[PDB]
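One rule links them: number in our numbering = place in the sequence shown (from 1) + 1327.
What follows is a set of notes on a single structure, which appears directly below.
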Amino acid sequence: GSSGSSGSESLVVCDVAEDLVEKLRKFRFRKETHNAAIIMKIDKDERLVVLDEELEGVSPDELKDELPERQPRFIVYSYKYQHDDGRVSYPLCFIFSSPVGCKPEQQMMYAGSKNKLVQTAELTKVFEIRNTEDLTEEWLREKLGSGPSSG
């Protein structure tokens, strides 16, 4: 199909609900050992990012399952990067689950809104997947291994 779409110049940003933020804050300063996953979504009337659900001791391969494969959703997972020496830390990263089968009118909302989130949860690593399926164990260590670069 040879279509030359132009598109509209307008972004839809929102704020993070205190009810959710609180959770994000703890995530980083979590006193647990197992893994975790915090999902977030935006409403049409609430026009504010609220807590969707909280997962515990989950995996990067099973988490994607609890995520939509048609619409973009927010999910904050914390992988476990073990170090040969013996020490192991859980680096908090933001996985922007955006299914290719999603519409642009929505991508703009979650897109502009996402950024803000990365600031609320104080996340340094931010990865995005074109399909919830991609979100897997291997793919996980992949992002932590080779992330963004400056130049």
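By construction, the Cβ of each residue, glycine as well, lies at the ideal position given by its N, Cα and C atoms.
- Judged by their CB atoms, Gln1398 and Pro1426 are nearer to each other than the 9 angstroms cut-off.
- Looking at the backbone, the Cα of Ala1363 and that of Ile1402 are separated by about 10 angstroms.
- Linking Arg1400 to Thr1447 through their CA atoms gives a straight-line distance of about 16 angstroms.
- Apart from the 5 residues on each side of it in sequence, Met1436 sits with its Cβ closer than 7 angstroms to the Cβ of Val1339 and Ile1369 in its chain, given in chain order.
- If only uninterrupted beta strand (DSSP E) runs of at least 3 residues are considered, those enclosed by the stretch 1445 to 1474 are 1452 to 1456.
- Segment contact: the stretch 1437 to 1445 against the stretch 1328 to 1348, three or more CB-CB distances shorter than 8 angstroms; contact assigned.
- Boundaries for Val1427: no beta strand (DSSP E) harbours it, and the DSSP string shows neither H nor E there.
- For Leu1375, the enclosing beta strand (DSSP E) has its first and last residue at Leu1375 to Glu1383.
- Within its own chain, the residues whose Cβ lies closer than 7 angstroms to the Cβ of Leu1462, once the five positions on either side in sequence are excluded, are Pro1387, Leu1390, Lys1391, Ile1422, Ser1424 and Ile1456, listed in chain order.
- In this structure, DSSP gives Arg1357 a state outside helix and strand, which the three-state scheme calls coil.
- Secondary structure at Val1348: helix, using DSSP grouped into helix, strand and coil.
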